[PDB]
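Protein chains in written order, with this note's numbering: chain E, 15 to 227; chain V, 167 to 247; chain L, 1076 to 1114; chain P, 605 to 678; chain B, 87 to 221; chain U, 45 to 115; chain R, 286 to 388. Each residue gets a CB set at the ideal place from its N, CA and C atoms; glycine is no exception.
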Amino acid sequence: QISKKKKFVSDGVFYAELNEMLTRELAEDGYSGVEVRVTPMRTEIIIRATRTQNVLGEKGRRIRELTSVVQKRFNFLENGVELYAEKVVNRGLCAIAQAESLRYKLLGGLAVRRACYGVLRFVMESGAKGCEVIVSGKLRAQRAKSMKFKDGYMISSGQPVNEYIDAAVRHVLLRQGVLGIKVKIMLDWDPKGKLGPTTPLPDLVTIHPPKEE
Amino acid sequence: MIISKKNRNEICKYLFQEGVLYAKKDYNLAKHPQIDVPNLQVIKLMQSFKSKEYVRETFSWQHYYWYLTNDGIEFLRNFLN
Amino acid sequence: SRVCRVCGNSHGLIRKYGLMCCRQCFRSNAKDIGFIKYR
Amino acid sequence: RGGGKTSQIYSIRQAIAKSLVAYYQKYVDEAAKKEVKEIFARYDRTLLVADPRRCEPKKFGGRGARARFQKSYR
Amino acid sequence: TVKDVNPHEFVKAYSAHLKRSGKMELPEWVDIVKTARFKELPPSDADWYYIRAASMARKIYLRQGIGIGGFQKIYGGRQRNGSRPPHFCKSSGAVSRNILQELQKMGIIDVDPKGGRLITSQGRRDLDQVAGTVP
Amino acid sequence: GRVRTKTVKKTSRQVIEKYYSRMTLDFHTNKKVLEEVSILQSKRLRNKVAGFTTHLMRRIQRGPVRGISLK
Amino acid sequence: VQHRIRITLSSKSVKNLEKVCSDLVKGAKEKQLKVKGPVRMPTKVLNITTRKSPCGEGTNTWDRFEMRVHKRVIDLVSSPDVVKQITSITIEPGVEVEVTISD
RNA sequence: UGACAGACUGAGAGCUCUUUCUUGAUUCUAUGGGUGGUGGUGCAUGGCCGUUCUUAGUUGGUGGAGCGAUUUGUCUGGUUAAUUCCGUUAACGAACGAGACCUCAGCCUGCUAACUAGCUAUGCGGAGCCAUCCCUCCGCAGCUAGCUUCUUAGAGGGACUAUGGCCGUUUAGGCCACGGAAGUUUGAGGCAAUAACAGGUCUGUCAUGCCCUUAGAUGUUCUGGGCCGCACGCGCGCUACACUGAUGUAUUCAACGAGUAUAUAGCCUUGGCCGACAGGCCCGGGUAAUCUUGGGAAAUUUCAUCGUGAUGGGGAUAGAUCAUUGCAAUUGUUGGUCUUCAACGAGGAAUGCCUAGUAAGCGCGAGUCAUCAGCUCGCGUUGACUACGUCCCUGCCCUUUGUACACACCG
Ligand SMILES: [Mg+2]
Ligand SMILES: [Mg+2]
Ligand SMILES: [Mg+2]
Ligand SMILES: [Mg+2]
Ligand SMILES: [Mg+2]
Ligand SMILES: [Mg+2]
Ligand SMILES: [Mg+2]
Ligand SMILES: [Mg+2]
Ligand SMILES: [Mg+2]
Ligand SMILES: [Mg+2]
Ligand SMILES: [Mg+2]
Ligand SMILES: [Mg+2]
Ligand SMILES: [Mg+2]
Ligand SMILES: [Mg+2]
Ligand SMILES: [Mg+2]
Ligand SMILES: [Zn+2]
């Protein structure tokens, strides 16, 4: 038995530990996040990624491996926790997904410009109100420099940044330096909430048309 | 390194059943959770099995998660089965 | 004898609430822990 | 309850003033309480209206909600 | 009554009252101690052991379930650490202990189950009488 | 320090384009008019634009006015 | 037969939390239980203040992080199996419920 | 491979040696390769942070001008905290930053409720009493509320310069007045743009490239010391130099938060007892609006003592001794007790912070923590003088102008 302050801090830290640790396993699958749901006599963790048969492996062997290791590391009751690896509904708006996608395109040797606009065009065709990619480091030259690429709308100050800006940062382990990647995606107002956030950006007014009688 | 055949057997019997194993960088515990060993063999025999890549490894920030591979199951079946 | 859960270094710790992480790791992972910064 | 010393005394002042006005308004006459209203408010308005002042918070970079630390160049 | 009487003159009147209304035992270290670690001199009054008791009488009067530590805290004060910043320092234990034991020995106050010190009814009688006998 | 921004004034002119006979001088009435005829994200911006449109009324009702066009 | 039960219910987010509060109150009042709540119990404000620099250079700048932990309590007068008839409805993500049997 | 005894060494490190016993293909030897480094390089870097810069600034698409770097849009003027808006207009239409946004605080006798909050009434009790009831103040409990004002926390409501006067192209707005809780966006913050710095960080990181090291180790562990040394100079601070005071009684008022199985009760500690103190023993309570704490804080208030004296201001220094934390207290960890009783007479040249619950005074909590808080971050308590300005000093933004400067006047 533990206090509630400590329980909530400990569950935040546990969330942090999974969300960080799963990055080495599901890097070459487009890891994008986990959500931990509290269910009776049972423990549910929804990993979300981009390839079920590669996250599962063969006949769900790899998710067995990971659920067992999470079981044993975080001392759950056996058969308490098991993990489903569901598909992201959309992939072009997950800043994390884009971060490791660009990380692989850029480790493959693909030219920086082609790779970065490969990210930009994909994000835009995926219906994003705006995006930028910032690369910093020693690309093709010694003295470090930043390549910043923008497109579309963008907000950076005030509350709705947390609401709309899907932002990630990743490192790249290419030889003769380290090359940092920042991906910011501004989201679009989908009041249904399936794709874009429900509440709208507070610089918008929609005067309704005067229906006539 | 120094290992007893009984130590390496309680490693093999455990790995055959589980397939995963986690260590901790917390060193000099003399009792890994879920097995009995001074935590030096845990890190270093699976370091050897990684060097032979029977087990493929993700480091996970001094939490040392290992999940065994279908090559390593053949390795251990060549021992106990 | 006590370090971060995150980086395992010996300074700048946050003992309060039992985090066992340093002031740097804590900010680096603060938003996913849930420390919403309302002010 | 709560406060300090002078804070509590001024709270007494406000509480008894408003209690007299409310008692008169609801149980005597509105024109009767209006005389109390005007006697109190002619002398001062702070008897009847709460004072919206609070000890506003202290910001980093100093000991004090508005001052800073003494600053050294050399 | 005692809530109607000025809090100081009631202390004075009761301090004289537990002098002339009979007598009791009294420790043979009263004219030594400082009654607190942060104090610097012992009380300048001679019958401080009686003014103290008069005050601690009305403390249990108007508040219940008070322990020895509650009096330690209530009778602490500002401790000037020298060149250090000053702090709050709790008072002494033995002085309050013997005040409470003396009042118990006259049955004015008494130790309650669930802990603390509560007045007795005839102690209430006494305090109310001495309160009424003040201008 | 109270000058209204474009997000206020553009909206005020645009709403006063369309809804004239259906909104009046009184500030609070215009508030509640705007509740049913527009969707905003803050009561303070609602108050802000209603309070700009109300003196837009008090100027229109007495003389002509710049671009805003009404049948 | 008809016993007294406590449900305590905490969270991090008010908008999430109040939906559960209305949920259980209506779940009880569809079946006419003797309920009292949802008592709103003062918010815990977890706070950690940190120097936002990682090396200690430049003007001293701190940032103040805070969680807000919200506590709600409800009393029901019903049997625990009748309680389980209610508390199998959907529970919203992030909220915690800790039904206990009291005096 | 580990080890008895003895020497060696602090070592109860079998490291080496005299000694023959034990384990057995795990090793050892050699060549490569890695591993580890609070080693170097922040002038190879990622990130993060600071700063430029708390100011209002910045960039396209198409179009106009120019051979061109570039310029226009981004402005004459008015206004605004604001590239804020009106408007002007070879520009048009836009994208950030501002604003808008979120958090706290301030108003609600309006709504939702609350035996882990608190009134209110009655029922007994206790005590004061024209006593016999009544009346005043406390205690305890409930099928007491046709209770939620105080407390909490949700949803909401509220301010918009809305109303009036005056000025203003009667536009943008400003100044004033009633009302109102609120009329410097209501107060304070959070977040915060383009371009940059060779700003800091390789000592936060299994983030890192290159170099160095890699067993006789810059690797890891242990012991002892060191980071604290002191002729001195500087910076942030604490205590004061007293009578608007110090000392000793009496009097009584907050807020912010905090409390791991911490084993044989254990982190906050109530209560009883012993002790002058320090601190000990026993019963226990609390994973918490439940127990601490309904924080019983100080300043201040009141009554006496000191009476201008380096005095009872000051508490520096130093001796004696006592207890707790710690596996360890020495270069005294800390806290007591008695004594030792320094400089300091309101501080030169200079310089810093500050415009309303603000400065300043006063205490509390948290961080660090086994113990150590003069610090830092929060919190309340008491509570002002001055001004509502200006570009004179230091700087910032725009325009014009000048330039032999561009690493940019430190030219
Ligand atoms: Mg850098
Ligand atoms: Mg052109
Ligand atoms: Mg041309
Ligand atoms: Mg152009
Ligand atoms: Mg503001
Ligand atoms: Mg640099
Ligand atoms: Mg050492
Ligand atoms: Mg040092
Ligand atoms: Mg400083
Ligand atoms: Mg003195
Ligand atoms: Mg401390
Ligand atoms: Mg420090
Ligand atoms: Mg200056
Ligand atoms: Mg030149
Ligand atoms: Mg010159
Ligand atoms: Zn760390």
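If the cut is a Cβ gap below 7 Å, which residues of chain R does residue i touch?
| i | result |
| --- | --- |
| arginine 1102 of chain L | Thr335 and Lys337 |
| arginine 1098 of chain L | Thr335 and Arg336 |
| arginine 1114 of chain L | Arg349 |
Which stretch, first to last residue, makes up the alpha helix (DSSP H) that contains residue i?
| i | result |
| --- | --- |
| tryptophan 134 of chain B | 134–148 |
| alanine 109 of chain E | 109–121 |
Just to confirm the assignment, what range does the beta strand (DSSP E) spanning residue i have?
| i | result |
| --- | --- |
| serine 295 of chain R | 289–296 |
| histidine 355 of chain R | 347–362 |
| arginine 1114 of chain L | First-last for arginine 1114 of chain L: undefined, no H or E at that position. |
| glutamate 188 of chain B | Taken as a continuous stretch (DSSP letters only), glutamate 188 of chain B belongs to no beta strand (DSSP E), being part of the alpha helix (DSSP H) at 179–191. |
| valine 103 of chain E | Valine 103 of chain E -> no beta strand (DSSP E), and no H or E assigned at all. |
| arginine 56 of chain E | 56–63 |
| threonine 53 of chain E | 47–53 |
Which chain E residues are close to residue i, counting only those with a beta carbon under 7 Å from its beta carbon?
| i | result |
| --- | --- |
| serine 295 of chain R | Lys18 |
| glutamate 381 of chain R | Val52 |
| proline 365 of chain R | Near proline 365 of chain R there are no residues of chain E at all, since even the closest Cβ is about 14 Å away, more than 7 Å. |
| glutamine 207 of chain V | Ordered by position in chain E, no residue passes the 7 Å Cβ test against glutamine 207 of chain V, which lies about 18 Å from the chain. |
| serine 226 of chain V | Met35 and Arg38 |
Can you pull the chain E residues whose beta carbon is under 8 Å from the beta carbon of residue i, in chain order?
| i | result |
| --- | --- |
| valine 203 of chain V | Those do not exist, as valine 203 of chain V stays about 15 Å from chain E at its closest Cβ, beyond 8 Å. |
| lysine 329 of chain R | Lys18 and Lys19 |
| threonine 51 of chain U | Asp217 and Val219 |
Starting from the beta carbon of residue i, find every residue of chain U whose beta carbon is closer than 9 Å, and list them in chain order.
| i | result |
| --- | --- |
| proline 214 of chain E | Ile83 and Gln85 |
| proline 224 of chain E | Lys62, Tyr63, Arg66 and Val81 |
Note down, in chain order, every chain E residue with its Cβ under 9 Å from the Cβ of residue i.
| i | result |
| --- | --- |
| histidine 229 of chain V | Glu31, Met35 and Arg87 |
| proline 378 of chain R | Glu49, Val50, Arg51 and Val52 |
| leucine 1088 of chain L | The contacting residues do not exist; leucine 1088 of chain L stays about 14 Å from chain E at best. |
For residue i, which residues does DSSP report across the bridge?
| i | result |
| --- | --- |
| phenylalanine 163 of chain E | E:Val147 |
| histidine 173 of chain B | B:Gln165 |
| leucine 187 of chain V | V:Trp232 |
| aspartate 196 of chain B | B:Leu204 |
| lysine 321 of chain R | R:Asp360 |
| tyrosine 98 of chain E | E:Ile60 |
| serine 82 of chain U | E:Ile221 |
| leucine 331 of chain R | R:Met352 |
Under 7 Å between beta-carbons, which chain U residues line up against residue i? List them in chain order, please.
| i | result |
| --- | --- |
| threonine 220 of chain E | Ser82 and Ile83 |
Mind listing the chain R neighbours of residue i? Cutoff is C-beta to C-beta under 8 Å, in chain order.
| i | result |
| --- | --- |
| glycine 1109 of chain L | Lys297 and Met352 |
Applying a beta-carbon distance threshold of less than 7 Å, which residues of chain V neighbour residue i?
| i | result |
| --- | --- |
| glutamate 79 of chain E | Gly185, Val186 and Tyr233 |
In chain V, which residues lie with their C-beta within 9 Å of the C-beta of residue i?
| i | result |
| --- | --- |
| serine 82 of chain E | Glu184, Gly185, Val186 and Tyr233 |
Check: Using Cβ-Cβ distances below 9 Å, what residues of the stretch 23–42 of chain E are close to chain L?
Finding: If you check each beta-carbon in the stretch 23–42 of chain E against every beta-carbon of chain L, the ones closer than 9 Å belong to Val23, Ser24, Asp25, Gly26, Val27, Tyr29, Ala30, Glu31, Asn33 and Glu34.
message = Could you check whether the stretch 179–193 of chain E touches the stretch 105–121 of chain E, counting it as contact only if at least three pairs of C-beta atoms, one from each stretch, sit closer than 8 Å?
response = The answer is yes - the stretch 105–121 of chain E touches the stretch 179–193 of chain E, with three or more Cβ pairs under 8 Å.
**Item:** Segment contact flag, the stretch 227–239 of chain V with the stretch 180–191 of chain V, C-beta cutoff 8 Å, min 3 pairs
**Value:** Between the stretch 227–239 of chain V and the stretch 180–191 of chain V there are three or more inter-stretch CB-CB distances shorter than 8 Å, so the stretches are counted as touching.
query = Does the pairing of the stretch 76–92 of chain E with the stretch 149–164 of chain E give three or more beta-carbon distances under 8 Å?
reply = Judged by Cβ distances under 8 Å, the stretch 76–92 of chain E makes no contact with the stretch 149–164 of chain E, as fewer than three pairs qualify.
According to a CB-to-CB cut-off of less than 8 Å, which residues of the stretch 346–362 of chain R neighbour chain E?
Considering only beta carbons, the part of the stretch 346–362 of chain R lying closer than 8 Å to chain E consists of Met352, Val354 and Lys356, in chain order.
| query | Taking any Cβ of chain R, which residues in the stretch 647–673 of chain P have a Cβ under 8 Å from it, in chain order? | reply | So the close ones are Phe664 and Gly665.
When you compare the stretch 185–201 of chain E with the stretch 103–112 of chain E, are there three or more beta-carbon pairs, one atom per stretch, that lie closer than 8 Å? Yes, since at least three Cβ pairs between the stretch 185–201 of chain E and the stretch 103–112 of chain E fall closer than 8 Å, the two stretches touch.
Query raised in the report: Between the stretch 99–106 of chain B and the stretch 145–159 of chain B, are three or more C-beta pairs nearer than 8 Å?
Result: Short answer: they don't touch.
Inset, instruction - For the stretch 361–369 of chain R and the stretch 290–304 of chain R, state whether three or more C-beta atom pairs, one from each stretch, are separated by less than 8 Å. - result: Yes, the stretch 361–369 of chain R touches the stretch 290–304 of chain R.
Is the stretch 72–83 of chain U touching the stretch 92–101 of chain U, taking contact as three or more C-beta pairs under 8 Å?
-> Yes, the stretch 72–83 of chain U is in contact with the stretch 92–101 of chain U.
- Could you tell me whether the stretch 19–31 of chain E touches the stretch 1102–1110 of chain L, where touching means 3 or more Cβ pairs closer than 8 Å? Contact holds: three or more Cβ-Cβ distances are below 8 Å.
message = Below 8 Å, how does it come out for the stretch 56–68 of chain E and the stretch 31–47 of chain E: are there three or more Cβ pairs, yes or no?
response = As far as the Cβ criterion goes, the stretch 56–68 of chain E touches the stretch 31–47 of chain E, which means the pair count is three or higher.
Worksheet item: Between the stretch 86–106 of chain E and the stretch 46–58 of chain E, do three or more beta carbon pairs fall short of 8 Å?
Response: The stretch 86–106 of chain E vs the stretch 46–58 of chain E: in contact.
Point to revise | Touching by the beta-carbon criterion (3+ pairs, under 8 Å), the stretch 86–101 of chain E and the stretch 129–145 of chain E | key: No, the stretch 86–101 of chain E is not in contact with the stretch 129–145 of chain E.
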